[PDB]
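Trainee: Sharing a structure, written as structure tokens. Questions coming.
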Amino acid sequence: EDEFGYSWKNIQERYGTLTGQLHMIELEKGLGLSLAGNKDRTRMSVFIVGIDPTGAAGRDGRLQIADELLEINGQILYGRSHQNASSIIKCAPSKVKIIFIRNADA
């Protein structure tokens, strides 16, 4: 585990059954992300719709448009409005840890 209780074992146990590919990354902050989604949708509840190419996420280069955000710093993002998820991200300290899933055709 890290400070949020995150390990690859743990996150695989929680989310390993979802269709798509699970990821976890750490970034230093802002992140320069635009989010969209629907609170009540059962997949794609909060997802990335924009990445500032000059901001922390863009420079890092691992996050991609349409990536579905599950958690940041121990807080669950799905089932909540994208604005609430954006607020959580904005209020977070510099160091962030993000669990997300990517949904490729093939």
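A short reminder: the numbers here are calculations on the coordinates, not readings from a lab. Heads up, the Cβs are rebuilt from the backbone with ideal geometry, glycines too, and the neighbour counts pull from every protein chain shown.
Trainee: Run the simple label-point estimate for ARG41 and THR17 please: 7 Å along Cα→C-beta, distance reported in nm.
Mentor: Reported label-point gap for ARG41 and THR17 is 2.2 nm.
Trainee: Quick one: net charge around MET44, please, counting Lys, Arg +1 and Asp, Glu -1 for every other residue with C-beta under 13 Å from its C-beta.
Mentor: On the way: positive: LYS39, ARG41, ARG43, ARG102; negative: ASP40, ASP67, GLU68.
Net charge around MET44: +1.
Trainee: Taking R0 as 25 Å, what's the FRET efficiency between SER7 and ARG102 from their Cβ-Cβ distance, rounded to 0.05? Please list the in-between numbers first.
Mentor: Values: r = 20 Å, r/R0 = 0.79.
Plugging the Cβ-Cβ distance into 1/(1 + (r/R0)^6) gives 0.80.
Trainee: Under 1.5 on a/c is rounded, so check that first for region 2-106, then, if it is not, pick prolate when a/b is larger than b/c and oblate when it is not; a ≥ b ≥ c are the square roots of the alpha carbon gyration tensor eigenvalues. It would help to have the intermediate numbers written out before the result.
Mentor: Values: a/c = 1.30, a/b = 1.13, b/c = 1.14.
Rounded, since a/c falls under 1.5.
Trainee: Same structure, new question: Can you compute the charge dipole magnitude of region 2-106 about its Cα centre, using +1 on each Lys and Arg Cβ and -1 on each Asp and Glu Cβ, nothing else charged? Give it in debye, rounded to the nearest 20. Walk me through the numbers on the way to the answer.
Mentor: Details: 13 positive and 12 negative charges, 34 e Å.
Here region 2-106 has a charge dipole of around 160 debye.
Trainee: Then there's this: Can you give the net charge of the other residues whose Cβ lies under 13 Å from the Cβ of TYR15, counting K and R as +1 and D and E as -1? Present the calculation step by step, with values, prior to reporting the outcome.
Mentor: Working: positive: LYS9, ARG14, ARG43, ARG102; negative: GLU13, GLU68, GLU71.
So the surrounding residues net to +1.
Trainee: Show which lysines lie in cross-link reach of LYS29 when reach means a straight Cα distance below 22 angstrom and same-chain residues fewer than eight apart are skipped.
Mentor: Answer for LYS29, where 22 Å is the Cα cut-off: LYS90, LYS95, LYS97, listed by chain and number.
Trainee: Something else about it: Once phi is turned into ³J(HN,Hα) by the Karplus curve 6.51 cos²θ - 1.76 cosθ + 1.60 with θ = phi - 60°, what whole-Hz value does each residue of region 49-54 show in order, with x for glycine and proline?
Mentor: Karplus-based 3J(HN,Hα) across region 49-54 equals 10, x, 10, 4, x, 9 Hz.
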